[PDB]
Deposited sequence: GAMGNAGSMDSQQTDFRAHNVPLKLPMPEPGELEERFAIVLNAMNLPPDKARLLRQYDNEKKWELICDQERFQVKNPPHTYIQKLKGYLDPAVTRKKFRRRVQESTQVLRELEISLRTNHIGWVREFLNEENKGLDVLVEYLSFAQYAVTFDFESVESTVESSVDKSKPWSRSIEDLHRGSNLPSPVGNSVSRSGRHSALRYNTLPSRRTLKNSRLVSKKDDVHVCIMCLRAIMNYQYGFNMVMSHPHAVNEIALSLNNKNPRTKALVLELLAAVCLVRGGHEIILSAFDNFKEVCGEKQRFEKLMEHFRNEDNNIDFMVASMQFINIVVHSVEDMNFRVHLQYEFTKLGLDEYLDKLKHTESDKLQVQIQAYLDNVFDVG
């Protein structure tokens, strides 16, 4: 049947799950088809894109700005659900030449984060949206865009997107930091990713005024007593960034970078952890290290 293998494509299923669905009685497919027809999406991509443009418009007095953004978090959550659960075509439209959804999203994230990152008016305005969950939800939106192959590619090729994702590492919510690290790790693992990541962390250093790159990454990682998931994500990312490179001499330079920031001494204590999730990341790193 063929009005099914088209509904199948709209769902962005991994090959193993698509195969499983395919071995379905021709009757069930029909029910699925009926289910799609019954299904209508809430809004088109430009609905959300326009709202985000409204929040960014500096020609607006403070009044309308404060009133416009009073629902910003709600709108972002609806965009995220739309990106994550609508038919994949909804995402293509969002990302397309008419819409330029990825640009506005990256732009809003940058704005939401401008305050945290260190015109006085926009610095005031930013502080308004920087204590809400907006940043975190933008990162979630990027995550949904990235689960779509074509969308992942646009994130890579984008001038600012991974730069801004890296900047979110400064967000004080450890749950947010974890997600950022997971995104950063995924990019780093594909061909061409490592350079984009290093460039992002060079950019981070300059804007944030670090002494050495990865400085604040290490700070947060050392400073965190309580959130195992963030620690798992930190260790994992560190292990990918030093040990996935092609050039062995580059691998050792990267290794020593983290050594000079006290990772080795920190892992000395940390390896005695009780958490088996964290245990495996630390082990993987120790196994990869050179003498």
Per the record, the structure omits deposited positions 1-33, 152-206, 380-381
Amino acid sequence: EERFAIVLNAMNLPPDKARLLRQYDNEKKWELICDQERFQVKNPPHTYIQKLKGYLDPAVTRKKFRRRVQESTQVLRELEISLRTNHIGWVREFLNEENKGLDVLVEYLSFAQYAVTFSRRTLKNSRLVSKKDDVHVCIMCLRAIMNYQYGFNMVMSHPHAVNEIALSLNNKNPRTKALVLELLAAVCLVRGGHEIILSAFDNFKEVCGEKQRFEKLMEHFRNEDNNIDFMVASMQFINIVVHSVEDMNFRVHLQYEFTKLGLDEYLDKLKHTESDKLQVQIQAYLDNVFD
From here on, numbers count along this sequence of modelled residues.
Identify the stretch, either 74-82 or 206-214, whose C-alpha atoms have the larger mean B-factor according to the entry. 206-214
Once you work out the mean C-alpha B-factor for both 32-40 and 257-265 from the entry, which is higher? 32-40
Can you pull the Cα B-factors for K132, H160, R120, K177 from the entry and say which is highest? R120
Criterion, highest CA B-factor; candidates, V245, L52, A233, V60: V60
In terms of the chain's CA B-factor thirds, is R222 lowest, middle or highest? highest
Taking only the Cα B-factors deposited for this chain, tell me whether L286 sits in the lowest, middle or highest third. middle
How does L128 rank on Cα B-factor within its chain, lowest, middle or highest third? highest
Sorting the chain's modelled residues by C-alpha B-factor, tell me whether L189 ends up in the lowest, middle or highest third. lowest
Based on the deposited C-alpha B factors for this chain, I'd like to know if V116 is in the lowest, middle or highest third. highest
